[PDB]
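Read the structure below first, then the notes.
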Amino acid sequence: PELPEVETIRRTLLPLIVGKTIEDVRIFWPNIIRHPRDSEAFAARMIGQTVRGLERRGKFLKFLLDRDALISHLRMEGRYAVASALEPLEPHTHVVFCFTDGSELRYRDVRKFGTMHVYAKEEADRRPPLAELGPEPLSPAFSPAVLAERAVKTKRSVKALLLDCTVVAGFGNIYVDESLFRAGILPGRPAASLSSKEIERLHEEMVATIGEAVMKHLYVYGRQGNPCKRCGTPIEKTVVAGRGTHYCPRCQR
DNA sequence: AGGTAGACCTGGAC
DNA sequence: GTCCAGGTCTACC
Ligand SMILES: [Zn+2]
């Protein structure tokens, strides 16, 4: 899921698990557990901790327990559900946290691409994968100044810049293409070639793009061959930053 | 060795 | 048997 849907999961999951105490952890695909590397230590350390909170950083969910934080990335098709220990697990269930009240937090993932890392709370932010993660796009910490500073410094295309997780959190292929379209900037342009006016406009559209989605219709992403919604020009697709890239050659410059 | 490009977690679909 | 999905932390220099 994208950032806005991860925020929805964060908001919806929290009341279903807050205040519950872990009694067991069952792991059916150890490779999902990335820290501690030994999934046995992962399972053992969580036992007896109570869920106190659930936060989001970029696309990462951060489950706050007593001593530890569990940092979870759903990647492609990871999903969490809360259900009774008495019911059969659903297909592709790879990790299960059993609570003392007979309920369970289940993690399902067809591709097995998701990741889990557990650290002491006070360490989580300075260890992978959260270490280096850029500012939240909806936060004052993500500013035109910050964006301009990174743009003027690189030889990369603007798209490559915006896909860099250290620049800003939670921007992937879709929102990058959409933001660039709304700002009227071609994705293949050198980041350093953007005028201050363009940086300001891109910042504004980046914020509106994720902002409208987190609170609540694509212009270019996956619409190649179809008419642009603003000028009717056919949307085109190329490779930029080694990625499938969608844009309107008339609206964007 | 800082900045960058892009390698890699797998099952499902071709 | 081959290829795709893809964000991001690795690894290349
Ligand atoms: Zn257009």
Side-chain angles (χ1 to χ4, degrees), chain A residues 1-7 9-10 27-36 38-39 42 56-62 69-78 80 89 91-95 107-119 123-137 142 146-151 153-154 156-180 187-193 206 209-210 213 218 220-224 237-246:
Chain A
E2 302 295 331
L3 189 158
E5 175 166 0
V6 178
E7 181 56 31
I9 291 165
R10 184 208 70 79
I27 300 168
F28 310 98
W29 196 255
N31 290 344
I32 288 164
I33 284 63
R34 303 304 185 83
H35 187 280
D38 179 358
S39 62
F42 178 100
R56 182 193 54 70
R57 276 289 281 128
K59 291 171 195 193
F60 296 97
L61 287 166
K62 184 202 278 202
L70 160 68
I71 304 79
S72 174
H73 198 299
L74 307 173
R75 290 288 176 159
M76 293 188 188
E77 45 220 38
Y80 280 106
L89 298 174
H92 309 121
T93 302
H94 304 313
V95 184
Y107 178 72
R108 289 213 284 157
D109 195 339
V110 180
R111 255 46 178 190
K112 295 178 191 184
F113 277 14
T115 61
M116 295 176 184
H117 296 75
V118 163
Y119 301 95
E123 262 212 322
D125 287 333
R126 58 182 185 89
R127 292 291 193 246
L130 300 184
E132 305 305 319
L133 184 57
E136 287 296 319
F142 179 60
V146 161
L147 191 51
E149 197 276 335
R150 289 292 298 266
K153 194 155 64 179
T154 184
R156 290 198 289 195
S157 69
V158 61
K159 170 151 185 181
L161 182 61
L162 270 47
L163 292 170
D164 184 334
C165 61
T166 64
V167 171
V168 55
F171 266 79
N173 212 32
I174 298 165
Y175 288 153
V176 169
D177 282 5
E178 290 297 306
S179 299
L180 285 169
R189 270 184 62 204
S193 88
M206 284 176 71
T209 292
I210 27 68
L218 291 174
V220 293
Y221 190 82
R223 295 191 70 251
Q224 62 275 21
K237 172 172 181 182
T238 56
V239 169
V240 180
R243 309 285 303 264
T245 301
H246 310 77

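For the numbers below, each heavy atom of this structure counts, side chains included, while hydrogens, waters and symmetry mates do not. Numbers restart at 1 for each chain; the letters A, B, ... are given by sequence-line order, proteins then strands.
The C1'-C2'-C3'-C4' torsion of B:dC9 is positive, so its sugar falls on the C3'-endo, or north, side.
Here the side chain of A:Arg243 is nearest to one of C:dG6, B:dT10, C:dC9, namely C:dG6.
Distance check: A:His35 NE2 to A:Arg127 CZ gives 8.0 Å after rounding to the nearest 0.5 Å. Atom CD of residue A:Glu178 and atom CD1 of residue A:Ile210 lie 13.0 Å apart, to the nearest 0.5 angstrom. With values rounded to the nearest 0.5 angstrom, A:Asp177 atom CG is found 9.5 Å from A:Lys237 atom NZ. Note that CD of A:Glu132 and CG of A:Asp125 are 12.0 Å apart. Values are rounded to the nearest 0.5 Å.
For B:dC9, the OP1/OP2 oxygens have no side-chain nitrogen or oxygen of A:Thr115 closer than 4.0 Å. Residue A:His92 places no side-chain N or O under 4.0 Å from the OP1 or OP2 atom of B:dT10. Residue A:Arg156 places at least one side-chain N or O under 4.0 Å from the OP1 or OP2 atom of B:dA5. Side-chain N/O atoms of A:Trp29 include one lying less than 4.0 angstrom from OP1 or OP2 on B:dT10. Within the structure, every side-chain polar atom (N or O) of A:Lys112 is placed at least 4.0 Å from both OP1 and OP2 of B:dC9. The side chain of A:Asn31 contributes an N or O atom lying less than 4.0 Å from OP1 or OP2 of B:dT10.
A:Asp164 has its CG atom 10 Å from the P atom of B:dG3, to the nearest Å. Separating the CZ atom of A:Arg150 from the P atom of B:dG3 is a distance of 8 Å, rounded to the nearest angstrom. Taking atom CZ of A:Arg34 as the reference point, atom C1' of C:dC9 lies 10 Å away to the nearest angstrom. We find that CD of A:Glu132 is positioned 13 Å from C1' of B:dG3, with the value rounded to whole Å. Rounded to whole Å, atom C1' of B:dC9 lies 12 Å from atom NE2 of A:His117. The interatomic distance linking A:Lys159 (NZ) with B:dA5 (P) rounds to 13 Å, in whole Å. To the nearest angstrom, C1' of C:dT8 lies 7 Å from NE2 of A:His73. Rounded to whole angstrom, the span from the NE2 atom of A:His94 across to the P atom of B:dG11 amounts to 8 Å.
If you find the closest nucleotide of DNA chain C to A:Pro129 and to A:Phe113, the one lying nearer the 5' end belongs to A:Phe113. Looking at which nucleotide of DNA chain C each of A:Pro128 and A:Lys59 is closest to, the 5′-most match is held by A:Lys59.
Nucleic acid contact class of A:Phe171 (heavy atoms, under 4.0 Å, all strands): none. Across all strands shown, A:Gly172 has heavy atoms under 4.0 Å from sugar-phosphate atoms exclusively, and none from any base.
Between A:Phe171 and A:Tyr175, the angle of the ring planes goes over 60°, which puts this pair in the perpendicular group of the 30/60° scheme.
No donor-acceptor distance shorter than 3.5 angstrom exists from the side chain of A:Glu7 to the backbone of A:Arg56, with no hydrogens or angles considered.
Using the Watson-Crick or G-U wobble rule with both distances under 3.5 Å, B:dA1 pairs with nothing in any strand shown.
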